[PDB]
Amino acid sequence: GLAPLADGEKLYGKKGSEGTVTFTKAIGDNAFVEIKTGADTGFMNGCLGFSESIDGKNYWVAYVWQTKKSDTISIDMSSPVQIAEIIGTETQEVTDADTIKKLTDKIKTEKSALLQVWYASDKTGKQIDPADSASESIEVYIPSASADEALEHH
(Lines of atoms letter the chains of each structure in order from A and count residues from 1; the text may use other names and numbers.)
(Lines give C-alpha, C1' and ligand atoms only; values in the text may rest on other atoms or scores of the structure.)
Protein backbone atom coordinates (compact mmCIF):
# COMPACT_ATOMS: atom_id res chain seq x y z
CA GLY A 1 0.00 0.00 0.00
CA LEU A 2 2.64 2.49 -1.10
CA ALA A 3 0.98 3.61 -4.41
CA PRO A 4 -1.24 6.71 -3.91
CA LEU A 5 -4.90 6.00 -3.65
CA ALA A 6 -8.15 6.95 -5.31
CA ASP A 7 -10.24 9.75 -3.74
CA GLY A 8 -12.75 7.44 -2.03
CA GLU A 9 -9.89 5.39 -0.43
CA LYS A 10 -8.11 8.21 1.38
CA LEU A 11 -8.62 8.84 5.05
CA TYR A 12 -7.44 12.42 5.50
CA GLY A 13 -6.09 13.66 8.82
CA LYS A 14 -7.40 16.94 10.32
CA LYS A 15 -4.79 19.69 10.65
CA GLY A 16 -4.53 21.34 14.06
CA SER A 17 -3.22 24.80 14.80
CA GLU A 18 0.47 24.32 15.18
CA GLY A 19 1.63 21.72 12.65
CA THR A 20 -0.24 18.72 14.03
CA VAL A 21 -2.41 16.29 12.05
CA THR A 22 -4.93 13.99 13.78
CA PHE A 23 -6.63 10.89 12.39
CA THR A 24 -9.75 9.02 13.51
CA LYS A 25 -7.79 5.73 13.65
CA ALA A 26 -4.22 4.54 14.11
CA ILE A 27 -1.86 5.65 11.36
CA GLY A 28 -0.68 2.10 10.58
CA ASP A 29 2.09 1.17 8.09
CA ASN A 30 1.72 3.89 5.46
CA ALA A 31 1.11 7.59 5.38
CA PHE A 32 0.84 9.84 2.36
CA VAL A 33 1.85 13.49 2.17
CA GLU A 34 0.00 15.24 -0.60
CA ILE A 35 1.70 18.50 -1.63
CA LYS A 36 0.72 21.18 -4.10
CA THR A 37 3.80 23.36 -4.67
CA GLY A 38 3.64 27.06 -5.47
CA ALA A 39 4.47 28.06 -9.04
CA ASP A 40 7.97 29.32 -8.30
CA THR A 41 8.96 26.53 -5.91
CA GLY A 42 11.95 24.39 -6.89
CA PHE A 43 12.40 22.30 -3.76
CA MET A 44 10.78 21.57 -0.38
CA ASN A 45 11.55 19.21 2.47
CA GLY A 46 10.18 18.50 5.89
CA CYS A 47 8.99 15.66 8.03
CA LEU A 48 6.28 13.78 9.82
CA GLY A 49 7.34 13.85 13.46
CA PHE A 50 6.54 11.73 16.51
CA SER A 51 7.60 11.41 20.11
CA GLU A 52 7.52 8.43 22.44
CA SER A 53 8.82 7.51 25.84
CA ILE A 54 10.27 4.09 26.65
CA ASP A 55 11.60 2.99 30.03
CA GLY A 56 11.94 6.57 31.25
CA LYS A 57 13.77 7.78 28.16
CA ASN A 58 12.21 10.27 25.72
CA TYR A 59 12.62 10.05 21.92
CA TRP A 60 11.90 12.23 18.91
CA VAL A 61 11.47 10.49 15.55
CA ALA A 62 11.24 12.04 12.12
CA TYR A 63 10.30 10.71 8.70
CA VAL A 64 11.88 13.04 6.13
CA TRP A 65 10.18 13.82 2.84
CA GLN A 66 11.25 16.07 -0.06
CA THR A 67 9.76 17.10 -3.39
CA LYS A 68 10.57 19.23 -6.39
CA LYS A 69 6.97 19.33 -7.66
CA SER A 70 3.34 18.81 -6.74
CA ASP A 71 3.19 15.13 -5.70
CA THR A 72 2.06 12.58 -3.13
CA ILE A 73 4.94 11.26 -1.02
CA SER A 74 4.36 7.73 0.24
CA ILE A 75 5.88 7.36 3.71
CA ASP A 76 6.82 3.97 5.13
CA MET A 77 6.20 4.09 8.87
CA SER A 78 8.72 1.21 9.28
CA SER A 79 11.42 3.48 7.93
CA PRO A 80 12.11 6.53 10.13
CA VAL A 81 15.29 8.38 9.16
CA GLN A 82 16.05 10.50 12.23
CA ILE A 83 15.81 9.15 15.78
CA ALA A 84 17.18 10.99 18.81
CA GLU A 85 16.95 10.48 22.55
CA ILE A 86 16.35 13.82 24.24
CA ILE A 87 18.28 14.12 27.51
CA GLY A 88 17.35 17.39 29.18
CA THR A 89 18.16 19.96 26.51
CA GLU A 90 20.70 17.67 24.77
CA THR A 91 20.11 15.00 22.07
CA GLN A 92 21.70 11.59 21.42
CA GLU A 93 21.35 9.78 18.09
CA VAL A 94 19.88 6.30 18.34
CA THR A 95 21.30 3.35 16.48
CA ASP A 96 19.99 0.34 18.39
CA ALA A 97 17.75 -1.56 16.07
CA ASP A 98 15.73 -2.96 18.96
CA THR A 99 14.91 0.43 20.31
CA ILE A 100 14.05 1.66 16.89
CA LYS A 101 11.62 -1.30 16.40
CA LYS A 102 10.06 -0.60 19.49
CA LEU A 103 9.54 3.03 18.49
CA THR A 104 8.02 2.38 15.12
CA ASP A 105 5.77 -0.26 16.66
CA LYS A 106 4.39 2.37 18.95
CA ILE A 107 4.24 5.00 16.23
CA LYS A 108 2.14 2.82 14.05
CA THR A 109 -0.48 2.93 16.80
CA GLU A 110 -0.56 6.68 17.16
CA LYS A 111 -3.46 8.80 15.94
CA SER A 112 -1.56 12.03 15.46
CA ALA A 113 1.64 13.28 13.86
CA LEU A 114 3.57 16.51 13.56
CA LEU A 115 3.58 17.85 10.02
CA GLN A 116 6.52 20.19 9.51
CA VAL A 117 7.85 21.99 6.44
CA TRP A 118 11.45 22.76 7.24
CA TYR A 119 13.02 24.19 4.08
CA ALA A 120 12.05 25.46 0.65
CA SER A 121 13.79 27.20 -2.24
CA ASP A 122 12.52 28.83 -5.39
CA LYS A 123 13.41 28.04 -9.02
CA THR A 124 16.54 30.27 -8.78
CA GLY A 125 17.62 28.34 -5.66
CA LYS A 126 16.85 31.24 -3.28
CA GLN A 127 15.35 30.18 0.07
CA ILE A 128 11.61 30.74 0.61
CA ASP A 129 10.83 31.82 4.16
CA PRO A 130 8.73 30.75 5.88
CA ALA A 131 9.12 27.41 4.15
CA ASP A 132 5.45 26.57 4.15
CA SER A 133 4.75 29.69 1.98
CA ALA A 134 6.27 27.59 -0.80
CA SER A 135 3.24 25.25 -0.96
CA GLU A 136 -0.37 26.03 -1.88
CA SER A 137 -1.55 23.06 0.22
CA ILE A 138 -0.19 20.17 2.19
CA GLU A 139 -2.42 17.38 3.51
CA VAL A 140 -1.82 13.93 4.97
CA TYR A 141 -3.83 10.76 4.50
CA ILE A 142 -3.74 7.10 5.32
CA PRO A 143 -5.51 4.20 3.58
CA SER A 144 -9.18 3.56 4.31
CA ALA A 145 -10.10 0.36 6.16
CA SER A 146 -11.47 -0.99 2.88
CA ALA A 147 -8.16 -0.21 1.09
CA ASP A 148 -6.17 -1.98 3.84
CA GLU A 149 -8.42 -5.06 3.42
CA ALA A 150 -7.79 -5.35 -0.31
CA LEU A 151 -4.06 -4.93 0.26
CA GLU A 152 -3.73 -7.66 2.28
CA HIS A 153 -5.74 -10.14 0.94
CA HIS A 154 -3.77 -9.55 -2.25
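For every residue, the number given is its place in the sequence shown, counted from 1.
- For the two regions 95-103 and 31-39, the entry's Cα B-factors average higher over 95-103.
- Looking at mean Cα B-factors across 84-92 and 119-127, the upper value is held by 84-92.
- Sort the chain's modelled residues by C-alpha temperature factor and residue 24 lands in the middle third, per the entry.
- Sort the chain's modelled residues by C-alpha temperature factor and residue 6 lands in the middle third, per the entry.
- Annotation for residue 69: CA B-factor lies in the lowest third of the chain's modelled residues.
- Per the deposited record, the Cα B-factor of residue 58 falls in the highest third when ranked against the other modelled residues of its chain.
- Residue 146 sits in the highest third of its chain by CA B factor, as recorded in the PDB entry.
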